[PDB]
Each structure stands twice: as C-alpha cells, then as structure tokens.
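Peer 1: What follows is a single structure, and I will ask about it in a moment.
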Amino acid sequence: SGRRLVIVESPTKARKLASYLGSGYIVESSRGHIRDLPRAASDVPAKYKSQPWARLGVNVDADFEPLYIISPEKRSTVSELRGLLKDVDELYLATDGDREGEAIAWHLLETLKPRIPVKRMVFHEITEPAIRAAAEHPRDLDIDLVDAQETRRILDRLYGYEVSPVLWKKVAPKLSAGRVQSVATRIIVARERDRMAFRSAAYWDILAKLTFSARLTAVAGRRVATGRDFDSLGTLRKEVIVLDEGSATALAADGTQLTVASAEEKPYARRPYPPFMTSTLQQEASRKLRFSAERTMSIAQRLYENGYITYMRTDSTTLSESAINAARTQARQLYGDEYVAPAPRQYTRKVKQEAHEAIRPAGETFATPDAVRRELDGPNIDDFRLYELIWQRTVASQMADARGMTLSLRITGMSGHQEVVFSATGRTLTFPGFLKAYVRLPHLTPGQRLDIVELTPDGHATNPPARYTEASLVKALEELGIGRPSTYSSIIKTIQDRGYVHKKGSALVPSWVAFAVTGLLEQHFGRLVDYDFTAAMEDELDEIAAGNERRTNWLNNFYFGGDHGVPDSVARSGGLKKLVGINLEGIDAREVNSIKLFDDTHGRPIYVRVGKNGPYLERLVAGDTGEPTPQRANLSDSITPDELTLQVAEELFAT
DNA sequence: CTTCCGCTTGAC
DNA sequence: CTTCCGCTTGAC
DNA sequence: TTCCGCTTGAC
C-alpha cells in the first residue's frame, strides 16, 4: 500500500518524471487522448444505433450531449491504466494545464472511475522544485475549461460531418471539409490561381565586372527596368523604359575607364534569430546539419530524457526568467561585457500564459557544448550536434546586435549621347556578432579610375509567386492561428490522401477537385472557410472557459442560429443546419464541378470537370450537324493547373 | 458507406 | 553506361 | 522507382 499513480500526457514526460520520483509512485502516460466521438454511426453502442443523431455522435436535439468511446488505438493504454489502478492508493491526474490537457484529465476520470482519492495538478518542467510545488498545490477539475475544448471538439464534428455530405452530393463521394483542411487547402488554391492569372514580362540590363561586380542603374535621363517595376499582368507601374535584348546590346559599346560618382557609408544592425520551437528546429536541423525531421525529433527526445534540453513539442519561443538569466549570465562570462544587450531580450509570439517554453539547454546554469562533447561522442555524435545547435541559438539570442557597415558606391560612365549610370552594394562585418557561436579590396575614394573588364547582356524575367512548401504552409497557418503542432504534420498528409494536394518536389500543388471544393465552400460556405474563422472561434472559446458563456448556449446558437449570447458569425446568419440545408437544396451540382479557365479564339468557354475517373478538360463546339456536340480530353496530373494554358488545352483536344 | 480536430509516441 | 529537373529562402 | 546546391535577394 501507500503507492500513487501519476498519469501524464506524454510517454517522455512519464519516463523523466518516473526518474525523479522513485518507488511509491507509478508514472504512466495517456498517450494523449484516450476517448473521442465515434468516427462513424457503426461505432456507437447498440443503444443509440437507431437514433438519427448517431451519424454526428452528439445528440444536438438534447443539449448537444456528446457520445464518447475509448479510442481503438488507446485500448491498450486504457486497459493498462485500469490494471495499475488496482495496485495504488491515490491517483494524480497530472496532464497539461491547457484545455486539451484538462479534458484528457476529465476523460481519464470518466473512463477510470476511481474509488480512491484523486488530485489534479499541473507542472511546467521536470525539476524537484516544480514537482514539489505542483504536489503542494492540487485542485479539482475546471469544468469551464473542459467545456471549452468540448465545444471546440463538437464544433469540429458539426463542421466536418455536416458539410462533407454536401460535397458528396455536389462534387464527388468520400470528399471532406474541415475547419483546418478547407482553409489549408484554400491557402494553396489561392496561390495557384494567383500564378494562373500571372503574366510574365522580360527585361534586360548589364551586370559587368567593372573582386568587384557592378550593375546597371540608369541610362541617360531614365532609369533601367527592375524586377519591382512590373505588376502581375506584365504592365509597367506608371518614366523608366525596359531595356530589351536589342537595345541593351546596342549600348554594350571597347575598353573604357569608368568614373565614380558616390561612395557614401552608413552602418546597420543585424538581429539574432529567436530561440527554437518544434517547427523552427527541424528547419535548421535539416539545413545546417542535414538531419531528417523524424531523426531530429528522435534525437531531441533523448537529449530531453537525459536532462540536456527542454521539451521538444513547443509552439512557443519565449524563455523563462531562469533561462533568460542563465543565457545572459553565461554569455557575459563566456565572451565579454559589451557582448550583451542592455536588457534581456524576450521573444514572444501570438496566441497569448502559454505554458510552453522554447527548446533550450536544461538547468539554471547552462553547459557549454565543449563541456558535453567529452560526454557525447561515438554513436552519440549525432546527439551532440543537435545540442550545440540548440545551445548556440539560445546564447546568441541574448547577445548584443551584430553591427556592420554597408558601402553604396556609384560607378559612372558615358556612352555617346547618353550618360548611363551604374551602382553596386557591398557590406562587411565591423562588429563581432552572434555568429561567432553560430548563425581584392573594397576601398574606393569618390572619383577613381576603373576600367570595364567584362560585359554581358543580363537576361531577366519576372516570375510568378512561388508555391507553398510544407515549411512555408505551416508558417502561413501559424500567422493565421490555424492548426496545432500535433496536427500540422497530420493535416498535410490528410489533404493529400483525398487528392486535394499532391507534391511536386518540395512544392504543394493542388488538384482540380481542390479547386471545385474550394469554389463551393467560397461561394456558399463563405463564413466557414474565412481565414479569420478559427481566430474568432478562439475568442469565443475564451469566454466559455472564463465562465462568461455556457457550452450549450454557444452550440445552440452556432447550429440553430441565435442573437443572444456571445455574438457568432454563423449564428446570426441562421446557424449551420440552416446553411447546410439551403446548400443541399440550392447548389447546382452541374455548375460547381465545372472549373472555368478561359475562352479560346472562337470566344467559347473551356472547363475542367471533376468526373468519377478524375478531371477531364471539356469544351462545347459545333459538330458535323450544326449542334453543340462537345469535346473532351482526359486530364493527366502530369501538368499542374497553371501549366494548363490555351495551347496545351488545344494540344489535348488535338490528340 | 464516405466525413472532423486534437493528443503521444518509455519501458514494464 | 548510354537514362534526367519545381530553384527556395530571406540578405540588409 | 538510384542522386542535387549556390547565387539573387522577396521584405
């Protein structure tokens, strides 16, 4: 007797906490969520199989009563916890303090149904003072907090399981829509049609080698066309003139000394990158150290388990006072006194107390990489490389700005009856910056002699905006407040599984069905796919957790419509049920599955139709008899949407 | 018959 | 052996 | 269906 069972969200924290407690405590992990709604009507128990609300898994007619089942991938976890409950005398529900962690603790209470005393406690780190403080300040469950995420969970269920049937009815079966999916897909589709309407505009100049390289700036009274001078349609924004291949080569002129007009100097200040999070660490790990994303996490798990770094899964880049002081104290003693900022540098992000902290070395006194190189070697060399990378960005984030000086020279030259202008930009490091840990001659008096050695016609062309990658997409989602670190990787795979997005190298390319689904949701569910929907939802979830709004009243307004309570976008417009009801009856399916692109020379529209065997290009044309018998050509995925111009449209029709 | 977001990957 | 291609990030 | 950077430089 006299033993306690402590349950944590993550197996890693479970192992590290078990190392600090010893006997008398049994530390286990819930592997995240143990319960969920049924994914299908065939998953509900036999009591509610006939009830009409079984497809949703919540009884929206009876105050949105949810139906929870043990997740099949967590039955092994649940059965172990139930078995270990019979061997202890107290239960410590020590999940995370966020609304997801509070609901896991709530689900653990409901699933275990313990007959022994239960205490709810939260900690932010695995250290003896953090464990002691959490143990000497327990509390009960926060139902307003569990009602917050339950409202979120049911919100996502209503969104997905009610709007997806509309897609099956108007586009294709098995298609889906989600508060994150449909927005993440829309981000990619919006990028694609931005480069379908994009039109290029080429221009030339001269970038000659007058260890120095100068470029064209102006020619006589006018300037030279730069990349920042043309809009999306190839139109020059209203003075300058584009030097083409013919005119620029005529101004090539043999060897002539060039003058110098200006050589002013002015200093700059370079800022250090903020500390690492789970997202920004894998980027730099795959770049300067050539590690995989799963290889970085696997290594980062062991460094944290040995007390080298902090927790790996963090959407926060802030530092604690103990960390901000240890980094500044170590930096000052390591290098110099003037090598630090006057005040500590705090790097805070959005979705503001976020219990999560940046990935940084552990302890109130940081350990140099030199100190751990003697301890990490052999088959542990890969571990030391990640620590040095983590230690470097943590101490460099607390040192004084890197100061340099840029020299903006201005080279001069003549050419017949036209005074052309040249210029070039240089830069040199004058102050030893944060880069020390990790991150001929350029002197010229105004009016010197410098002959032209090389000469070349610089060929240029404006380029469409680049496609999103996995890194850049989750960045756009982060700045919008969409998604979570645990779902970022998952949401990328899900939008590929149903054929919304395929990958070409590192770029994410949307399929044609993504265009059709986005068009439906933009023209008929405009509020559900608004980029601001999740943020406005989060603001309303704050009021439910704060006690200023009940879960049932909010859901009743969102689904059935309502003006009373916290104001909601879909609620004041009649609710979700009325919106999916009207769209199931008023949407012309023959119109939403025909993606309009352009007209050909005969002025007739060409569509992309989403058929049962993939997309196919279709066009209506007069046939043998003067009637609108039509033309189709099956559309292979080998050509992206922006590549489908009028030519290849006619080349497929000529096939 | 489809369909959602979210949560973790220890060693008994 | 004799076979081939989205340039993305982000300086200051 | 083997394997892949740097130089310009968004702001």
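Chain labels A, B, ... are given in the sequence in which chains occur in the structure tokens; within each chain residues are numbered consecutively from 1, and ligands are likewise numbered from 1 in the order shown.
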Run DSSP on the backbone and grab whatever in range 190-302 of chain A lands in strand (DSSP E or B); send it over as number ranges by chain.
Peer 2: A: 202-206, 215-219, 222-224, 230, 236, 241, 243, 257-270, 276
Peer 1: Please find the residues of chain A near chain B - the criterion being any atom within 6 Å, counting only C-alpha atoms (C1' of nucleotides) - and write them as a PDB file with N, CA and C atoms, in the first residue's frame.
Peer 2:
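As written to disk, selection27.pdb reads:
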ATOM      1  N   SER A  10       2.371  12.660 -22.051  1.00  0.00           N
ATOM      2  CA  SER A  10       3.357  12.129 -22.974  1.00  0.00           C
ATOM      3  C   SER A  10       4.194  11.028 -22.336  1.00  0.00           C
ATOM      4  N   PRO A  11       4.536   9.989 -23.102  1.00  0.00           N
ATOM      5  CA  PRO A  11       5.435   8.952 -22.573  1.00  0.00           C
ATOM      6  C   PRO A  11       6.799   9.480 -22.168  1.00  0.00           C
ATOM      7  N   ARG A  15       8.452   9.080 -18.465  1.00  0.00           N
ATOM      8  CA  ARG A  15       9.735   8.466 -18.141  1.00  0.00           C
ATOM      9  C   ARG A  15      10.592   9.398 -17.292  1.00  0.00           C
ATOM     10  N   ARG A  31      -0.857   8.765 -23.560  1.00  0.00           N
ATOM     11  CA  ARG A  31      -0.578   8.867 -24.995  1.00  0.00           C
ATOM     12  C   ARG A  31      -1.473   9.906 -25.664  1.00  0.00           C
ATOM     13  N   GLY A  32      -1.788  10.970 -24.939  1.00  0.00           N
ATOM     14  CA  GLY A  32      -2.694  11.988 -25.444  1.00  0.00           C
ATOM     15  C   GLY A  32      -4.131  11.655 -25.096  1.00  0.00           C
ATOM     16  N   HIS A  33      -5.013  11.754 -26.086  1.00  0.00           N
ATOM     17  CA  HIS A  33      -6.427  11.492 -25.868  1.00  0.00           C
ATOM     18  C   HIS A  33      -6.692   9.996 -25.785  1.00  0.00           C
ATOM     19  N   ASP A 156     -15.866  21.079 -34.376  1.00  0.00           N
ATOM     20  CA  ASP A 156     -15.175  20.420 -35.478  1.00  0.00           C
ATOM     21  C   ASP A 156     -15.972  19.241 -36.019  1.00  0.00           C
ATOM     22  N   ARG A 157     -16.729  18.557 -35.159  1.00  0.00           N
ATOM     23  CA  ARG A 157     -17.538  17.433 -35.617  1.00  0.00           C
ATOM     24  C   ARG A 157     -18.715  17.916 -36.458  1.00  0.00           C
ATOM     25  N   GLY A 160     -17.304  19.155 -39.842  1.00  0.00           N
ATOM     26  CA  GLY A 160     -16.869  18.123 -40.769  1.00  0.00           C
ATOM     27  C   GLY A 160     -18.005  17.231 -41.234  1.00  0.00           C
ATOM     28  N   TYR A 161     -18.763  16.676 -40.291  1.00  0.00           N
ATOM     29  CA  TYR A 161     -19.747  15.649 -40.608  1.00  0.00           C
ATOM     30  C   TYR A 161     -21.058  16.209 -41.146  1.00  0.00           C
ATOM     31  N   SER A 164     -19.374  17.896 -45.190  1.00  0.00           N
ATOM     32  CA  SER A 164     -18.829  16.893 -46.099  1.00  0.00           C
ATOM     33  C   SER A 164     -19.922  16.204 -46.917  1.00  0.00           C
ATOM     34  N   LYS A 174     -16.836  10.660 -50.847  1.00  0.00           N
ATOM     35  CA  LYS A 174     -15.672  10.471 -49.983  1.00  0.00           C
ATOM     36  C   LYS A 174     -14.895  11.762 -49.740  1.00  0.00           C
ATOM     37  N   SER A 176     -14.168  15.612 -48.333  1.00  0.00           N
ATOM     38  CA  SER A 176     -14.275  16.059 -46.953  1.00  0.00           C
ATOM     39  C   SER A 176     -14.071  17.563 -46.857  1.00  0.00           C
ATOM     40  N   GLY A 178     -13.151  20.537 -43.526  1.00  0.00           N
ATOM     41  CA  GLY A 178     -12.842  20.734 -42.123  1.00  0.00           C
ATOM     42  C   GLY A 178     -12.410  22.157 -41.849  1.00  0.00           C
TER      43      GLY A 178
END
Peer 1: To one decimal in Å, tell me the separation between CA of residue 88 in chain A and CA of residue 306 in chain A.
Peer 2: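 About the pair CA of residue 88 in chain A and CA of residue 306 in chain A: they are 27.8 Å apart.
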Peer 1: Please tabulate, as JSON lines, the residues of chain A that come within 12 Å of chain D, each with its closest pair of atoms and the distance in Å to one decimal, counting only C-alpha atoms (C1' of nucleotides) and ordering rows by chain, then residue number upward.
Peer 2:
{"residue": "A:227", "atom": "CA", "partner": "D:10", "partner_atom": "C1'", "distance": 10.6}
{"residue": "A:228", "atom": "CA", "partner": "D:10", "partner_atom": "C1'", "distance": 10.1}
{"residue": "A:287", "atom": "CA", "partner": "D:5", "partner_atom": "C1'", "distance": 11.8}
{"residue": "A:460", "atom": "CA", "partner": "D:8", "partner_atom": "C1'", "distance": 11.4}
{"residue": "A:463", "atom": "CA", "partner": "D:10", "partner_atom": "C1'", "distance": 11.4}
{"residue": "A:464", "atom": "CA", "partner": "D:10", "partner_atom": "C1'", "distance": 11.9}
{"residue": "A:465", "atom": "CA", "partner": "D:10", "partner_atom": "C1'", "distance": 9.8}
{"residue": "A:466", "atom": "CA", "partner": "D:10", "partner_atom": "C1'", "distance": 10.4}
{"residue": "A:505", "atom": "CA", "partner": "D:4", "partner_atom": "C1'", "distance": 11.8}
Peer 1: Excluding residue 117 in chain A and any residue of its chain fewer than 5 positions from it, enumerate the residues within 9 Å of it, using only C-alpha atoms (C1' of nucleotides), and give them as a list in words.
Peer 2: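 Answer for this query is residues 89, 90, 91 and 92 of chain A.
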Peer 1: Residues at most 9 Å from residue 245 in chain A, counting only C-alpha atoms (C1' of nucleotides), excluding those fewer than 2 positions away in the same chain, as a PyMOL selection string?
Peer 2: chain A and resi 203-205+243+247-250+457-459
Peer 1: Output N, CA, C and O atoms for every residue in the selection just made, as a tab-separated table (two decimals), in the first residue's frame.
Peer 2:
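File out21.tsv, as written:
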chain	number	residue	atom	x	y	z
A	203	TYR	N	12.90	41.53	-69.32
A	203	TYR	CA	13.68	42.75	-69.45
A	203	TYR	C	15.15	42.40	-69.34
A	203	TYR	O	15.52	41.36	-68.79
A	204	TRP	N	15.99	43.29	-69.86
A	204	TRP	CA	17.44	43.10	-69.86
A	204	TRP	C	18.13	44.31	-69.26
A	204	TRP	O	17.55	45.40	-69.15
A	205	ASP	N	19.38	44.10	-68.86
A	205	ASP	CA	20.28	45.17	-68.44
A	205	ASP	C	21.70	44.64	-68.58
A	205	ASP	O	21.93	43.64	-69.27
A	243	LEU	N	14.84	47.90	-70.99
A	243	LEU	CA	15.90	47.61	-71.95
A	243	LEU	C	15.75	46.18	-72.43
A	243	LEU	O	15.92	45.23	-71.65
A	247	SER	N	18.08	46.60	-77.68
A	247	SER	CA	18.56	47.93	-77.32
A	247	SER	C	19.70	47.87	-76.32
A	247	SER	O	20.63	48.68	-76.37
A	248	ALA	N	19.65	46.90	-75.39
A	248	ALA	CA	20.71	46.78	-74.40
A	248	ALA	C	22.03	46.35	-75.04
A	248	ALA	O	23.10	46.82	-74.65
A	249	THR	N	21.96	45.46	-76.04
A	249	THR	CA	23.17	45.02	-76.71
A	249	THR	C	23.76	46.12	-77.59
A	249	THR	O	24.98	46.13	-77.83
A	250	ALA	N	22.93	47.05	-78.07
A	250	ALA	CA	23.45	48.19	-78.81
A	250	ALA	C	24.20	49.15	-77.90
A	250	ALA	O	25.11	49.85	-78.36
A	457	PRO	N	25.02	40.80	-71.54
A	457	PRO	CA	23.61	41.19	-71.50
A	457	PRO	C	22.82	40.40	-70.46
A	457	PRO	O	22.51	39.22	-70.67
A	458	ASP	N	22.51	41.04	-69.34
A	458	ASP	CA	21.83	40.37	-68.24
A	458	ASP	C	20.39	40.07	-68.63
A	458	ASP	O	19.56	40.97	-68.73
A	459	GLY	N	20.08	38.79	-68.85
A	459	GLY	CA	18.73	38.37	-69.19
A	459	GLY	C	17.91	38.13	-67.95
A	459	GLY	O	18.34	37.41	-67.04
Peer 1: If we count only C-alpha atoms (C1' of nucleotides), what is near residue 100 in chain A at a cut-off of 9 Å, once residues fewer than 2 positions away on the same chain are taken out, given as a ChimeraX atom specification?
Peer 2: /A:32-33,95-98,102-105,145-146,149 /B:6-7
Peer 1: Generate a file of the selected residues that holds N, CA, C and O atoms (P, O5', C5', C4', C3', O3' and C1' of nucleotides), formatted as a PDB file, in the first residue's frame.
Peer 2:
ATOM      1  N   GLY A  32      -1.788  10.970 -24.939  1.00  0.00           N
ATOM      2  CA  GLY A  32      -2.694  11.988 -25.444  1.00  0.00           C
ATOM      3  C   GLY A  32      -4.131  11.655 -25.096  1.00  0.00           C
ATOM      4  O   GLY A  32      -4.434  11.309 -23.954  1.00  0.00           O
ATOM      5  N   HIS A  33      -5.013  11.754 -26.086  1.00  0.00           N
ATOM      6  CA  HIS A  33      -6.427  11.492 -25.868  1.00  0.00           C
ATOM      7  C   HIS A  33      -6.692   9.996 -25.785  1.00  0.00           C
ATOM      8  O   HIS A  33      -6.175   9.212 -26.585  1.00  0.00           O
ATOM      9  N   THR A  95      -1.932  15.817 -16.167  1.00  0.00           N
ATOM     10  CA  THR A  95      -1.848  16.207 -17.566  1.00  0.00           C
ATOM     11  C   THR A  95      -1.513  17.696 -17.670  1.00  0.00           C
ATOM     12  O   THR A  95      -1.387  18.409 -16.669  1.00  0.00           O
ATOM     13  N   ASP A  96      -1.361  18.172 -18.903  1.00  0.00           N
ATOM     14  CA  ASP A  96      -1.039  19.574 -19.123  1.00  0.00           C
ATOM     15  C   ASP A  96      -2.187  20.473 -18.666  1.00  0.00           C
ATOM     16  O   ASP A  96      -3.348  20.061 -18.589  1.00  0.00           O
ATOM     17  N   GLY A  97      -1.843  21.721 -18.358  1.00  0.00           N
ATOM     18  CA  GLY A  97      -2.795  22.688 -17.854  1.00  0.00           C
ATOM     19  C   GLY A  97      -3.639  23.392 -18.890  1.00  0.00           C
ATOM     20  O   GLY A  97      -4.463  24.236 -18.526  1.00  0.00           O
ATOM     21  N   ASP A  98      -3.461  23.081 -20.172  1.00  0.00           N
ATOM     22  CA  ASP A  98      -4.282  23.673 -21.216  1.00  0.00           C
ATOM     23  C   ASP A  98      -5.635  22.967 -21.278  1.00  0.00           C
ATOM     24  O   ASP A  98      -5.889  21.989 -20.568  1.00  0.00           O
ATOM     25  N   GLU A 102      -6.740  19.428 -19.746  1.00  0.00           N
ATOM     26  CA  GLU A 102      -7.805  19.339 -18.754  1.00  0.00           C
ATOM     27  C   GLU A 102      -8.884  18.352 -19.179  1.00  0.00           C
ATOM     28  O   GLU A 102      -9.467  17.671 -18.328  1.00  0.00           O
ATOM     29  N   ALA A 103      -9.162  18.256 -20.481  1.00  0.00           N
ATOM     30  CA  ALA A 103     -10.162  17.302 -20.945  1.00  0.00           C
ATOM     31  C   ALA A 103      -9.643  15.872 -20.894  1.00  0.00           C
ATOM     32  O   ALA A 103     -10.415  14.946 -20.620  1.00  0.00           O
ATOM     33  N   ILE A 104      -8.353  15.668 -21.171  1.00  0.00           N
ATOM     34  CA  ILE A 104      -7.768  14.340 -21.009  1.00  0.00           C
ATOM     35  C   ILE A 104      -7.891  13.894 -19.559  1.00  0.00           C
ATOM     36  O   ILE A 104      -8.292  12.761 -19.270  1.00  0.00           O
ATOM     37  N   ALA A 105      -7.560  14.790 -18.625  1.00  0.00           N
ATOM     38  CA  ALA A 105      -7.783  14.503 -17.213  1.00  0.00           C
ATOM     39  C   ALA A 105      -9.256  14.236 -16.935  1.00  0.00           C
ATOM     40  O   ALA A 105      -9.596  13.346 -16.147  1.00  0.00           O
ATOM     41  N   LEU A 145     -13.232  24.817 -18.216  1.00  0.00           N
ATOM     42  CA  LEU A 145     -12.131  24.542 -19.130  1.00  0.00           C
ATOM     43  C   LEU A 145     -12.402  23.306 -19.981  1.00  0.00           C
ATOM     44  O   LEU A 145     -12.079  23.293 -21.173  1.00  0.00           O
ATOM     45  N   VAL A 146     -12.994  22.259 -19.398  1.00  0.00           N
ATOM     46  CA  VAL A 146     -13.313  21.085 -20.204  1.00  0.00           C
ATOM     47  C   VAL A 146     -14.478  21.382 -21.140  1.00  0.00           C
ATOM     48  O   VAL A 146     -14.577  20.793 -22.223  1.00  0.00           O
ATOM     49  N   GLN A 149     -12.971  23.053 -24.606  1.00  0.00           N
ATOM     50  CA  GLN A 149     -12.498  22.159 -25.655  1.00  0.00           C
ATOM     51  C   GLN A 149     -13.600  21.231 -26.149  1.00  0.00           C
ATOM     52  O   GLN A 149     -13.577  20.815 -27.313  1.00  0.00           O
TER      53      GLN A 149
ATOM     54  P    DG B   6      -6.643  21.466 -34.653  1.00  0.00           P
ATOM     55  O5'  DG B   6      -6.309  20.475 -33.443  1.00  0.00           O
ATOM     56  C5'  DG B   6      -7.096  20.522 -32.257  1.00  0.00           C
ATOM     57  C4'  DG B   6      -6.867  19.290 -31.399  1.00  0.00           C
ATOM     58  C3'  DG B   6      -5.406  18.942 -31.144  1.00  0.00           C
ATOM     59  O3'  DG B   6      -4.974  19.515 -29.920  1.00  0.00           O
ATOM     60  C1'  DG B   6      -6.818  17.001 -31.469  1.00  0.00           C
ATOM     61  P    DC B   7      -3.405  19.635 -29.597  1.00  0.00           P
ATOM     62  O5'  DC B   7      -3.004  18.187 -29.050  1.00  0.00           O
ATOM     63  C5'  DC B   7      -3.393  17.784 -27.747  1.00  0.00           C
ATOM     64  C4'  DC B   7      -3.002  16.340 -27.493  1.00  0.00           C
ATOM     65  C3'  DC B   7      -1.628  15.945 -28.005  1.00  0.00           C
ATOM     66  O3'  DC B   7      -0.634  16.263 -27.032  1.00  0.00           O
ATOM     67  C1'  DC B   7      -3.268  14.225 -28.413  1.00  0.00           C
TER      68       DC B   7
END
Peer 1: So what do you get for CA of residue 246 in chain A versus CA of residue 195 in chain A, distance-wise?
Peer 2: 28.5 Å
Peer 1: Name all residues at most 10 Å from residue 56 in chain A (count only C-alpha atoms (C1' of nucleotides); drop same-chain ones fewer than 4 positions away) and give them as a ChimeraX atom specification.
Peer 2: /A:37-41,52,60,66-67,154,157-158,160-162 /B:3-4
Peer 1: Using Å and a single decimal, report how far CA of residue 304 in chain A sits from CA of residue 329 in chain A.
Peer 2: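 Atom-to-atom, CA of residue 329 in chain A to CA of residue 304 in chain A, that is 22.3 Å.
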Peer 1: If you count only C-alpha atoms (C1' of nucleotides), which residues fall within 12 Å of residue 289 in chain A, apart from same-chain ones fewer than 2 positions away, as a list in words?
Peer 2: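 The residues satisfying every condition are residues 281, 282, 283, 284, 285, 286, 287, 291, 292, 293, 295, 296, 381, 382, 383, 384, 385, 386, 387, 388, 389 and 390 of chain A.
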